[PDB]
Amino acid sequence: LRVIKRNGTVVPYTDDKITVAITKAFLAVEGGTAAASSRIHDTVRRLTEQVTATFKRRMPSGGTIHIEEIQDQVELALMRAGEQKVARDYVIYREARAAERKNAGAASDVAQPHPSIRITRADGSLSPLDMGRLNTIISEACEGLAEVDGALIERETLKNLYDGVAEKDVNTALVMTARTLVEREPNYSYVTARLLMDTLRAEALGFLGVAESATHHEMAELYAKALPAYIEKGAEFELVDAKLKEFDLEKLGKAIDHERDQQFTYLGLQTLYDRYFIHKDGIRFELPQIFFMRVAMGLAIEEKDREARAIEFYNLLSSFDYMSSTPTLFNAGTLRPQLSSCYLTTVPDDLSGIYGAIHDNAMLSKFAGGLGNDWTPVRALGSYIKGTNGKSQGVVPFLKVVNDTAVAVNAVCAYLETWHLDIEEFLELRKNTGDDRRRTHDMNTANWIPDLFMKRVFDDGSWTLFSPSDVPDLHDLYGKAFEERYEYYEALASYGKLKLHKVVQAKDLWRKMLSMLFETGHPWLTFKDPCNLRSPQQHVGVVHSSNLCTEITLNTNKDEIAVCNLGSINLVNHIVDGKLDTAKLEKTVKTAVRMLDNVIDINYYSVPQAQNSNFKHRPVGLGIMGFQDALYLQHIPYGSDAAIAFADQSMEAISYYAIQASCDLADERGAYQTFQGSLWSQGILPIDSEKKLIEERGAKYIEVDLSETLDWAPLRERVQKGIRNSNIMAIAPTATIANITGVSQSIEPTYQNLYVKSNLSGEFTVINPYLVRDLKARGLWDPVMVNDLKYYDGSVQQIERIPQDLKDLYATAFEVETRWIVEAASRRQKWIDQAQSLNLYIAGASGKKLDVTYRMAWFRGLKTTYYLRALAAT
Amino acid sequence: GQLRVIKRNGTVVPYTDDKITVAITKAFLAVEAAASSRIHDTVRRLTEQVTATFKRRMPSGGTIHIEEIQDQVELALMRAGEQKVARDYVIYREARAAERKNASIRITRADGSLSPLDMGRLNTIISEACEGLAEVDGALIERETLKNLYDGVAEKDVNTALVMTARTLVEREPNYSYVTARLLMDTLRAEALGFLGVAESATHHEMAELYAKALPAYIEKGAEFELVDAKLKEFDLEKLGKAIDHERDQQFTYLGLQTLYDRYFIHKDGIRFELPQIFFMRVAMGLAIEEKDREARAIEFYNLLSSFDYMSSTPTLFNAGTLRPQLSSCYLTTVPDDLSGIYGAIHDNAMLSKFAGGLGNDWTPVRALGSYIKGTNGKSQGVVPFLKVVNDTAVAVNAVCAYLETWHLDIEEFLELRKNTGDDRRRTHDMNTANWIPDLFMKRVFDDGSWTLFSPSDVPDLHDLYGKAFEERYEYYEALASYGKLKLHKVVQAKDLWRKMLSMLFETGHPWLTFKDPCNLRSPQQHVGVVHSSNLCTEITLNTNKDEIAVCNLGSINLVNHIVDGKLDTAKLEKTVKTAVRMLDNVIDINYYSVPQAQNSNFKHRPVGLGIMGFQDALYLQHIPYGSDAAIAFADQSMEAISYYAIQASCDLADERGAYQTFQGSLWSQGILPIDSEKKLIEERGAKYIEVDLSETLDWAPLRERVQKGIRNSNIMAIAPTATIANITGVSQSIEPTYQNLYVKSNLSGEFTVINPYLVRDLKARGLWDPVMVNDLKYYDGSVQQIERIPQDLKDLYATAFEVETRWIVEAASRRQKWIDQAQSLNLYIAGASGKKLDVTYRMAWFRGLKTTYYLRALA
Ligand SMILES: Nc1ncnc2c1ncn2[C@H]1C[C@H](O)[C@@H](COP(=O)(O)OP(=O)(O)OP(=O)(O)O)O1
Ligand SMILES: Nc1ncnc2c1ncn2[C@H]1C[C@H](O)[C@@H](COP(=O)(O)OP(=O)(O)OP(=O)(O)O)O1
Ligand SMILES: Nc1ncnc2c1ncn2[C@H]1C[C@H](O)[C@@H](COP(=O)(O)OP(=O)(O)OP(=O)(O)O)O1
Ligand SMILES: Nc1ncnc2c1ncn2[C@H]1C[C@H](O)[C@@H](COP(=O)(O)OP(=O)(O)OP(=O)(O)O)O1
Ligand SMILES: Nc1ncnc2c1ncn2[C@H]1C[C@H](O)[C@@H](COP(=O)(O)OP(=O)(O)OP(=O)(O)O)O1
Ligand SMILES: Nc1ncnc2c1ncn2[C@H]1C[C@H](O)[C@@H](COP(=O)(O)OP(=O)(O)OP(=O)(O)O)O1
Ligand SMILES: [Mg+2]
Ligand SMILES: [Mg+2]
């Protein structure tokens, strides 16, 4: 055994040097009277033995170890023996002599580090790294952001570079060490996006022949030069609609604001660049502000004032005040643009029309469309079939054809009404096990529940199943009319005059519905009668189901496939110093509704009955997003009366402006064809729809708040003169567009304040930017807090240092009681003419808890519910 | 209690685990990115350790300093092996300490009002607490206590701070034990005098006048609440108040005063209103309640108790002077061989244990497994199923020791009743056990003979026979059984059973070894009964029958107070013994008897048991090592003188009160004193099997002549364990050698290390007491054998229990037993664990004429 001295030399391993060292430390804390002590000597030689033994235990016949490796094991032996005073003075003294070595080494230091790395160009030529341009992009990137250190990033980058780096991976190196900093300061996310933009500018501009490279503020003059170059190459490759050349590109080139690139989060820019920016040969040649300008232009190709409206639409989009739906963003400004990709259908009870509906499913899904299918009219197991002289097997064998079409065309949701004789088989279609002939693992399902069924649940009544072919009028009836006609058929079956039927207990079927929702996630629960009694289009059709995402309530028939034309307001951009900017909200809603009305005319239609319904009724669906983040800005916890109040009044405000905007389009473009007879014609607004719903169903089964903070009487008058759209509002999921704009999803509570993305190199944690901002004000943002958040997967509950006001404000989806989410949705639904996609989160998971929850959802006048997220751990 | 942390700048905050967790976590994070997931869990363990250490150090709460916490955090990290984190914690902590160095008090009275701290009174109570003590520093106490105070500190917590400060200094200078006690007295005075209303507070000097005022108030208030016998009002309370000596409160050690305050001083609604000297006067008055000259005897008894020259037994201290006083709580019974008497005996156990009494049960007469029962036509299952009922009764009434003779056919099951594993129906985990060993059995061991087991129902006379009559009769039954004339029996080798007995004593601690024949042959009462067993603690040898439950009336002499100038003070010793024997004879008459068999035996035979304590300390004051012939001679001659004065005292009481009812026929009437009965035992057993020193130093012949004229007590002497009364008087337990010279008292008040005060005094006298010596003693757990600086004479003197050869203990015990008419509780200590060493140890105990042995404390 030998030891590597501090500097090179090798010497034999001598226990004495260890024994002397430890003895020095004992004699330092004690006096000299400890010099001759059997105790010290016995202790030291014991510590020296277990140290020397440790080196023997890990190695065979001799070896070599570092001098510091021995010092560490000496401290270990002293420490494990509980020698606190001797161990710490050993550490202190040892560190004092390390300081003298470190300092003396720095005094004798010589400086060589030079020159610089040579950046390799694409053509293969070497070039010295530009330090001036490197400082420019990182400074313009840290511009306007707090607690960001540009010099810190430049130093950490400069480390991981080698002679012969390419300018390609010099930017990625800047990005790599920029997102590693978002964990301790979220504002680096903006810095990370601004650095990545440098690659995009070089990529796009170099492709367009404008410039081989450029900085941010250099875009103040280059965005106008790049736009006409972009349109010319875009149309050349048939990636952009040639009609866009009819715009005044010089005027639009000046309207572009290059500073809005600074708004992007890293995730938002990645999203657009990966999937939305136009490209050729893998090269993205569409820059972000030109992307927003393309969408604006595509939405204005038929406006009288092309440029003025295009600028109005570009300003709304590029500022993140509002964001068009995913299909609009992707296809606006391109040939035959699919601007809407959400449809509702109803399937007729004949074989030709069944397979006509299968055919429509395939065509509508050819470009990623989502579908709701009303299958209630199709006759159930045991029904007679003339011509065949046999008996039907019901809807499920046809749903299997639907299921395999969805697989073949690359989602769809089937709806069935609760008295349908196939309902029991329907509830089990998504079980993991069992007969596969009775499963549709690639198709969604939803219950179309009449009020009467829930009434029978509340009252422990019975419930009769029928085949629709024996009761063909029930599906189209609703409200009192349905309940009278249904009880007539019920009495008929009890007197043997309607053979094909099944009597069950309503509570038993209800329990089966909730257990399948819990076990399989399906079928979802949607309510037929509020969707129909509150539909503004009752005079010209019937709502036969909702859509794939359960927020749309539009009529369907033989000649009408309803189309959802969607967009969402960004509530975050309408919160100022803690308050809702009522004034700015009206301006954004007015422009949003116009853009959505334009979508109807520009949209390219594949099936004629989808064009027919859109042109006849002109429904749109204006939603919201950033609700949870808007609560943060007001310091309102989602589980409070104050959040329920904000949800009520914010929807009432948007609703007023949205309805008012539709009146303005009616003055300019004329009311939609079927306006005459609609609820709007009768002066029955959504707030009035709630009142009549309570009258119809009865206060015994529904209770909803009816408060109002605005004056609707003047608007209730102007609406009767005409509006442009049969439906205005719908709150849909906003997965992509919330990520693009950097806000929370629609109305969802935060699912978790922390997530650990891991998809390239290492894993990068992302923490709720609002949570960290509040923890700074309290002075509670530090390394230990970060280590606690990871341990608790982002939950601020049960960490002592956070005060209770923040534990409540940053409660996660599974630690907010479900009643808050339902009551909030209930008050938003008072002002929405369609519905809202409502995910529910339930910890504890019991059939009892599901019962009280979905009874409450119905009792509070909700039209739809969506996914159930259930945990049985609590 | 409330754990309060004192900041670096005086302020006070509540104790919060989180502060420690955050600090330790920062150090973990300073070292390390993916393996950082285990930080939260390991840190929470380390925090829990630290919090548990302060809970264990301050179970009732208290104050603590930041730097004290910091040191416990470091120690916790260091013991866990977190070398990287620990060293980084140290470096950072020192860095901040470097940075820091460069860059009034009011009290909350019980009524909630505030007032500045009376510095003047604080100086006086500290100064008066240091009176007469060397190496005590009143200024240090004041400065160190002030560091632990703060603005708004509760009144009581000031005294607590004083007591805690003084208590930690006990390990540096033992006299601080007296300081700690005297400082504690201040809260006792305020608590008691405020309750009685004679004063709201008082200093020690003020008690010179206030004790006399507080005695009448105490008797009246106590009598009113039925906590004191109303007859104590008949005493001249003025004359007894003047007799109280306030300076005797300055004698208390901290442990002794704390013991009296927690468990003895009369209390009402949680308030002790009985002060120490009043406590001793109540006991004295309680023991003098039937005396002709009540005041003179009460003063006589008060002077004996309050001086610590002698201390009555715990039950006497508890209950003397109260209504229906249980002054004795130690009993012996014998269980007859019939079911009604078996359950009568169990009924007696419950009744006698109703107030913490201890019991010795003789179960030998109950017939063994296999015996015929004419109740039915079945077989007995032995004594153990009934011992199970005894066990459950001890548990339900919560202390009981069952005795079984060595030929009993259930003995092998009896030997295993305290094993930790096995069938619980063959175990009695809450009941003690002891062997009742005949001399013949040991003779068989010495000679490697056989041994036959019988059921007592076939040999019902053996248990009461002893000596040569037992041996003749036993060998008759032995031969009778060898050829079929005795159905139920079992032959074994005596050596094999003896090995099992010793193996069970070592592995389970039970059963103990006691010797039936020395107890009976030397009993003064052989003419009226038979000793059937010893008691719970193995020091008492008294007769029992169906009409007589024996009662132990006990007290012990403090030998420390009878050594002056390194020599035994026989004049003072004579005075102490005479008064002590009187007090014990009074206990018999005053004691309330709930069982008539107990009253009958006490009134007929009037046995008492005067013992000793402080023997080890008495050796220190003479510089006599326990392991030396000088210790044997002191053990011999000190008990000889005590026994002489005690026998003389009992003659004096017979002159005054009459001899006890069964005196005629006793060994006393035959002129057979304990020294004579020892010589008789030698002749009876045979010199081959016993050897005891028979030297005398006193002139016993005239006393032998006087004893035959009449004595007051059938038995006089017994060395009991003195755990509590030795702690009250601050002396070593009974005859035990020092167990350890250094240990950690882990009380509910906190923790403090105690160091042998005689050892510290001798080391100071030689200039060897310093911090290095302290750490040497802590390292070696009090042992001085491996400390080179300590001279050899002190190494011998301060050897501890496991370092004194067991032969020394047995010989000293053998010499004491020459003079004692009953027995002595004798613990033995064996460091070398082996059956061979156990064999020679307990053979020697029998061979040296010992009556009993007690616990075996062993190591391997
Ligand atoms: N022969 C050896 N074998 C093993 N460990 C050794 C040996 N010599 C030294 N060490 C270890 C034990 C101590 O922790 C430390 C010794 O410190 P020290 O005696 O000062 O030696 P060193 O390497 O620092 O040289 P120097 O004499 O200048 O101090 O290194
Ligand atoms: N006064 C002291 N207090 C505490 N520990 C000490 C003291 N003196 C020595 N030691 C311990 C810690 C050191 O590692 C070792 C002494 O070796 P020493 O050579 O003086 O230090 P070192 O090896 O760490 O540095 P260097 O040799 O470079 O001066 O023993
Ligand atoms: N061969 C078949 N296999 C399975 N289902 C069938 C078959 N033929 C008909 N059906 C089902 C599909 C429809 O739900 C229902 C009605 O079928 P359809 O072709 O429309 O007859 P129909 O409408 O001309 O006459 P009717 O409705 O009066 O019986 O029967
Ligand atoms: N209230 C408390 N309860 C328990 N331990 C505490 C408390 N305050 C501090 N500590 C202990 C835990 C660690 O050993 C150490 C941590 O020091 P620290 O948290 O910095 O307190 P501090 O007195 O130094 O105040 P600060 O550092 O905030 O000025 O002190
Ligand atoms: N960076 C660190 N490295 C190692 N240990 C640390 C570190 N930070 C804190 N600790 C440990 C030791 C510190 O005493 C404690 C945190 O207390 P801290 O307030 O930072 O210092 P301190 O309490 O010793 O002095 P002060 O509080 O007066 O600044 O936890
Ligand atoms: N039912 C029983 N179960 C167990 N042991 C019993 C039972 N009855 C008696 N014994 C035991 C208890 C004694 O040790 C022994 C003698 O008891 P017991 O029959 O009451 O005495 P005895 O004197 O009245 O009758 P015996 O004529 O048999 O001596 O038998
Ligand atoms: Mg060195
Ligand atoms: Mg600190």
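Residues numbered from 1 in each chain as written, not as in the entry; some residues may be left out. Chains lettered and ligands numbered in written order. Part of a larger assembly, values for the part shown. Heavy atoms only, no water.

Per the deposited record, determination of this structure is attributed to X-ray crystallography, with the resolution reported as 2.298 Å.

Caption draft 1: Just the nonpolar core, in detail. Grouped together as the largest cluster of nonpolar side chains are 225 residues, with contacts concentrated most on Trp375(A), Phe453(A) and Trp463(A). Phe441(B), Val608(B), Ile675(B) and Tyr854(B) belong to the second largest nonpolar core, which has 222 residues in total. (Core = buried A, V, L, I, M, F, W, Y, C linked by side-chain atoms within 4.5 Å. Buried < 20%, exposed > 50% of the residue type's maximum accessible area, 1.4 Å probe, protein only.)

Caption draft 2: Quick look at the UniProt feature "binding site: dATP 2" (unreviewed entry) in chain B. All names here are of chain B. Within the UniProt annotation, "binding site: dATP 2" (unreviewed entry) is assigned to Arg8, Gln70, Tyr92, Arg96 and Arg100. Along the chain, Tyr92 falls in helix α4 (residues 83-102). Tracing the backbone shows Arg100 in helix α4. Leaving out residues up to four positions away in the same chain, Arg100 has contacts with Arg8 and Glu67. (UniProt positions renumbered as here; feature names shortened; annotations may be inferred. Helix = DSSP H or I, 4+ residues; strand = E, 2+ residues; numbered from the N terminus. Contact = heavy atoms within 4.5 Å.)

Caption draft 3: Spotlight on the state of the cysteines. This model, assessed by the stated rule, comprises two disulfides over all chains. Between the sulfur atoms of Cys342(A) and its disulfide partner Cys564(A) the distance amounts to 2.0 Å. Taking the sign of the S-S torsion, about -55° here, the bridge from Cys342(A) to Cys564(A) comes out left-handed. Given the relative accessible area of 10%, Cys342(A) is considered buried. Looking at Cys564(A), the relative accessible area reads 4%, which means it is buried. Sulfur-sulfur distance for the disulfide between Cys330(B) and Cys552(B) comes to 2.0 Å. One quick way to see it: the torsion about the S-S bond of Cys330(B) and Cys552(B) is about -60°, and its sign makes the bridge left-handed. The class of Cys330(B) is buried, set by a relative accessible area of 12%. (Disulfide = S-S within 2.5 Å.)

Caption draft 4: Structural detail: the sheet that holds strand β2 (residues 10-12) of chain A. Residue and element names in this part refer to chain A. One open sheet accounts for three strands, arranged β2-β1-β3; its pairing is mixed. Each edge of the open sheet carries a strand with a single partner, namely β2 and β3 (64-66). Within this sheet the neighbouring strands show an average axis-to-axis angle of 35°, counted without direction. With respect to the sheet, helix α3 (residues 67-80) is in contact with β1 (2-4) and β3, its orientation differing from that of β3 by roughly 70°. (Pairing = 2+ DSSP bridges. Axes fitted to C-alpha atoms, helices over the stretch in contact; angles between N-to-C directions.)

Caption draft 5: Fine view of the site of ligand 5. All names here are of chain B. In the neighbourhood of ligand 5, the contacting residues comprise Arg8, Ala23, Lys26, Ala27, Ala30, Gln70, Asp88, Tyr89, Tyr92, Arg96 and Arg100. A distance of 3.3 Å separates an oxygen atom of ligand 5 from a polar atom in the side chain of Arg8. Note that an oxygen atom of ligand 5 is positioned 2.9 Å from one of the side-chain N or O atoms of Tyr92. For ligand 5, whose free accessible area comes to 560 Å², the fraction covered by protein is 74%. At the level of elements, α1 (17-31) and α4 are the ones that each hand at least two residues to the shell around ligand 5. Looking at which element gives the most residues to the shell around ligand 5, the answer is α4, with five residues. (Near = heavy atom within 4 Å. Polar contact = N/O pair within 3.5 Å; in protein donor to acceptor, adjacent residues only side chain to side chain. Areas by Shrake-Rupley, 256 points an atom, 1.4 Å probe, with all protein chains shown as cover.)

Caption draft 6: Structural context of the UniProt feature "binding site: dATP 1" (unreviewed entry) in chain B. All names here are of chain B. The UniProt entry lists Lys7, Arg8, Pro14 and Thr16 under the feature "binding site: dATP 1" (unreviewed entry), expressed in the numbering used here. Relative to the helices and strands, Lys7 is located in the loop between β1 (3-6) and β2 (12-14). Residue contacts for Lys7: discarding those within four places in its chain leaves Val13 and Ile66. Relative to the helices and strands, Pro14 resides in strand β2. Its relative accessible area of 55% is what places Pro14 among the exposed residues. Setting aside residues up to four positions removed in sequence, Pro14 forms contacts with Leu3 and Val5.

Caption draft 7: Layout of the pairing of strand β25 (residues 750-755) of chain B. All names here are of chain B. Counting buried positions over the six residues of β25 gives six, a clear majority of the element. Of the two faces of β25, the one carrying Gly750, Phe752 and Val754 and the one carrying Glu751, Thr753 and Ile755 are both buried. Where strand β24 (residues 742-747) and β25 come together, six bridges link them in antiparallel fashion. Bridging across to β25, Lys745 finds its partner in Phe752. Linking β24 to β25, which pair antiparallel, is a turn of two residues.

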